[PDB]
């Protein structure tokens, strides 16, 4: 079967197919994904007035990200169930091309909302010291866009051309490291002149940010993290990838948003935790 520049899910699905557990788990984990985002949307809107006016733009940008993540994860949850269909004879779910091939790239282009807005929103909670708002924003948005576009191109070749996959992935990684560098500066400057309570929260936000964002390139490589014909080049790797995405999605978007809201509360004059 000719699949071309398609994600490895389609190759596993076309050859071995997916067990009940693999198929039902991947559907459920994506469903949890979009459910968390819509619940988060409600949470971020309803808690707007829990912080001083100046901090409320962070609640609004969290809500903006929730809308993006909900729409994408909802669409992708339906894409999963449309792309793989039960074969009665063998009792496994095989590629159903009438549904279209499954593509993780769907996520990447919506990151053009998520990444820029997640990086931007912290600049409405913390105060910079030596760095300029417009400068940090421009660095975040440029490197964010380049990271996403290069990775988007790469993931199309994860089976068809491992070399292109790894080269584009490496270029994307360079921009990622730049973002990590700039966010560390923002966290450091953010800690300057705020309560120890606020500083603790920013320490947690940095760890959360570092781990949650690194999970995305982890998901990128997932099928090959056990090498050629490894344990993960299987339905187990398919499950692992969507699980990692969902953990990353909840952590990078919702928990990040909640911690920023808690920081905003400590920095708020009237409010306290």
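Residue numbers count along the first chain shown, from 1.
Participant: Look over 107-115 and 192-200 in the entry and identify the one with the greater average Cα temperature factor.
Facilitator: Per the deposited B-factors, the answer is 192-200.
Participant: On average, are the C-alpha B-factors higher in 246-254 or in 261-269?
Facilitator: Per the PDB entry, the higher value belongs to 261-269.
Participant: Going by the CA temperature factor in the entry, name the top one among 101, 183, 145, 73.
Facilitator: It is 183.
Participant: In terms of the chain's CA B-factor thirds, is residue 62 lowest, middle or highest?
Facilitator: Its C-alpha B-factor, which the entry lists for residue 62, ranks in the lowest third among residues of this chain.
Participant: When the modelled residues of the chain are sorted by Cα temperature factor, does residue 5 land in the lowest, middle or highest third?
Facilitator: CA B-factor rank for residue 5: lowest third.
Participant: Once the chain's modelled residues are ordered by C-alpha B factor and cut into thirds, is residue 27 in the lowest, middle or highest one?
Facilitator: It falls in the middle third of the chain.
Participant: By the recorded C-alpha temperature factor, relative to the other modelled residues in its chain, which third is residue 160 in?
Facilitator: Lowest third.
Participant: Please place residue 77 in the lowest, middle or highest third of its chain by C-alpha B factor as given in the entry.
Facilitator: Lowest third - that is where residue 77 ends up once the chain's C-alpha B-factors are sorted.
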